[PDB]
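Which chain is which? They are A, B, C, D, E and F, in the order written, and residues in each are numbered from 1.
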Amino acid sequence: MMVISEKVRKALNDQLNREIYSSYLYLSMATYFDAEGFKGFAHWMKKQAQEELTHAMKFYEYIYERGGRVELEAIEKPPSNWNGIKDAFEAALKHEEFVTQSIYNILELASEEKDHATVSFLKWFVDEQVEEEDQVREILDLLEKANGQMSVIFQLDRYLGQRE
Amino acid sequence: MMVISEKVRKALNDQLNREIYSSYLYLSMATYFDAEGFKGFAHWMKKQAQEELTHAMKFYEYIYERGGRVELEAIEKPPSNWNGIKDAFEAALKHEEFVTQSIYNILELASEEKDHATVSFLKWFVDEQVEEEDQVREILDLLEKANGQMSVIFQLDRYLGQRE
Amino acid sequence: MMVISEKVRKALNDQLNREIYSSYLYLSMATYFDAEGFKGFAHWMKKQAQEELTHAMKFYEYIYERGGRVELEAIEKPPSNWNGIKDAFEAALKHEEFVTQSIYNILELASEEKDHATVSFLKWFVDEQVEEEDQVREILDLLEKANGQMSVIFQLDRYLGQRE
Amino acid sequence: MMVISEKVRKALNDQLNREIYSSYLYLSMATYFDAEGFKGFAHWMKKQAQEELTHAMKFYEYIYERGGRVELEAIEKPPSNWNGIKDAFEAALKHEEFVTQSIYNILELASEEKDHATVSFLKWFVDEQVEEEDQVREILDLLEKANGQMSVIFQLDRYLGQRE
Amino acid sequence: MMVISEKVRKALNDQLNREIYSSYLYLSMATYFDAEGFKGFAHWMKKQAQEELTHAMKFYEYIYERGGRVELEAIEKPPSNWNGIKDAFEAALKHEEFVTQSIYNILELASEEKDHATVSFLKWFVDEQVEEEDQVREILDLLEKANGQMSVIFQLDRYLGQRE
Amino acid sequence: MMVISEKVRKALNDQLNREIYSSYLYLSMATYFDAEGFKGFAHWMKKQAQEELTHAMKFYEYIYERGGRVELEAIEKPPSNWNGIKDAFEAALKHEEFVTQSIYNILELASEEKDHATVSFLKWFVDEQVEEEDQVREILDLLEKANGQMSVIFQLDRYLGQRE
């Protein structure tokens, strides 16, 4: 039997599909950075796309552990172009903040239903969104300092290109 | 400057998006196998989904190597249900055969344009599809022989669950 | 001096004795499986009994860390017979769900008292109960596929019999 | 089929439940030592509790080895308050001597029925009881010599807290 | 941009400065223990002072991760004398309970604002205050047993002087 | 019995408290570098804050070695903002030179009282201050040559961020 409500299952399944789109959106940013010839920024975005899949699969696992089932939905076409490196990371930040609020909405839903298991499960994502948002903000602040200057941009590209 | 034609770039880009859908489809099969309590078959499908992403990234890399750009498209909602283990693997064989013909069409289009670079590049995928189809056929033959004997199905699930 | 309320200390002490009974209940299931000649299912239940003692000792330590004292209560006699292997694991699942709800009751009591320490302490058990219930549901699902087939049940017995 | 008599099976089963109570009694002494702030004495009692469970499981194995079956009974509530350190260990000695006589009674019963297998099996517990009693007598003699001296009690607590 | 409210930022910053004062308070207790010739107690306090600084730096990091800024405030002069070792640990316990309640007040503030990131971040400190209070309570209980006796106090001094 | 004069003990104690303030000042400079997004400069200041604590503890241990006692005093609130990176390090140089003169003043006071042990103890701090001032002057020189060039400032931030 399923021991999460259908409302909570739908919220979690929706979020899993949102993590899939996040992976896809960051791959799309990679296609933009590669088109612009910044392979280190593109590498960072390919690593980011893989990271989002690990998020999706943690939602996947929990849904089945609570007796639910995962339904994959259509993935919408992401944008494929941004107006410079900074613009792409600014869209990344607005996306991560939207993901954070999406996760907050599940937490308050599960809290209202006294679904302590799901509330507790979501703590890891609450903490991970803090780091996710900070990692983008950190890059945005370095890009602000870089201004338009290619010598600094190249430094960031090499540094981000080392992401493990 | 792009040294593949736009027609070949489009066909390669379509195939990249088709490998992405292939990954999504096999994840969908995993959701079905997990829902049915067959974690070993689900594990195999999750590994298959990752194998398809390596195919997509090989197309990704070739497109940029020839001066083109990748555009990610919407990904259709995959089926989420099958009438049994055999039915899902039969659908996988059909999907792989379709991928093989899709690759064939690019090969023939590249050949008519005398794009020997792309023709040569696709040889890897031609040989990989022979193996991809064979690996599903092998599993189908095992399921056929098992008939419906759960004891043998349990062993197959465990075996496929050891996929590296 | 004690820094949990007496109401919370009693709720935690009750839950400790509840975990001791759970251990005893699972050892009793071991006596049934050994009586039926399923040493692998018995082995799994003996490991489960030890696992419940580790739960009891975690409540033990926290009670003393909060300046409380533990008082052991009489342990009721458990059932010693079930109507087949599946009926015993169904009894185990229902028992775990009652354990989960008992823990939820402590969590809501502590939360009402603004005993943030005990609320936080109980998160570990909220998460463990997710896993505890899932581990039983997984065996139940495998038993349902086994139907009655001794060839399948032999496989399950040897698989569970290797639990570490 | 069972090759011990029911009278011998019941006696062995009674002793198994008696060893479970012994383990519970020693855990209760630990709750007392922990309440009094003697973690080393409490550690010794937790170790003793686990040692008693190995005794119970030896009776468990032997009962099934002779075709019998184990029935777990209710476990009585142990005392939880002693006058002081030495009184707890004196209660342990009297309990171990009661356990020894209880084993003597099974030996004489099995001997009267010419159940030489059960008589032989019990030799290990006879020899183990000599050591069990001796190990408590040694601690009692240290506590008697200590008289009330807290500095000695501290060293004894620390020594016993090292039990493997 | 700062994604904690100014009310929560100020509560976190206040607490950072309280952990700094806590470090300075324990260093002062070390100056007292060293003046009294108890180098083991002094060593424990120097280690405690470093431990408090790790708490301050965790608040520091989280404030910057949420886009806030740390402002260091004046540090008040601590007491430098106590009426014996036991009086000093009584003051330590009083101080830790005040730190615990200070953390609870932040938790309830962030909960009221639905600042789930800060609520979750604070769980680590809720759990650590449980241990912090218990470690002082333990030493106080042993000093109560010691009464005045130098033979017991020398044991505590050398044991605490092994703190890593 | 204290074998330094009270005047020398107070001068040594004043200096200990000034090394504590130095630590706190450098931590405040870290808060400023972190606010400005230069984590490598902040790291260097955090390491510098720890170094000043080792200076404080050397004064601590010598005071007790000579039979004296340490009294911790209030710590003034440090500045928390500077007019750029160079302005912060110039405040650091000025503070280090003030620390050197402060040490010179103790040396001359002890020399006047013929406290050869304290004069000799201070030689280490005389030599360390030479290095301390020079390490700041070296960074100031690199900043002067860097002028405003963000490209160079990025490299200096990363270099100083390697400080062990």
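Everything that follows uses one rule, which is that a residue touches a chain if its C-beta (ideal position, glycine included) is under 8 Å from a C-beta of that chain, and two chains touch if they have at least 3 such contacts.
By residue number, the contact pairs of E-F overlap by more than half with those of exactly one pair in D-E, A-C or C-D, and this pair is C-D. Compared on C-beta pairs in contact, D-E and A-E come out with A-E as the pair having more. If you average the CA atoms of chain C and of chain F, the two centres end up 58 Å from each other. A straight line joining the Cα centres of chain C and chain E is 37 Å long. Inter-chain spacing, taken between the CA centroids of chain B and chain C, is 44 Å. Residue positions of chain F with contacts to 2 or more other chains are absent.
Against chain E, the residues of chain D that register as touching in their complex are 37, 150-151, 154-155. The residues of chain E lying in touch with chain A in their complex are 3, 62, 65-67, 114, 116-117, 120-121, 123. Within the complex formed with chain C, the chain D residues making contact are 20, 24, 27-28, 31, 34-35, 46, 57, 60, 64, 69-78, 80.
Those residues of chain C whose C-beta lies close enough to touch chain B in the complex are 138, 141-142, 145-147, 149, 151-152, 155. Remark: chain C residues 97, 100, 104, 107-108, 123, 126-127, 129-131, 133-134, 137 touch chain A in the complex.
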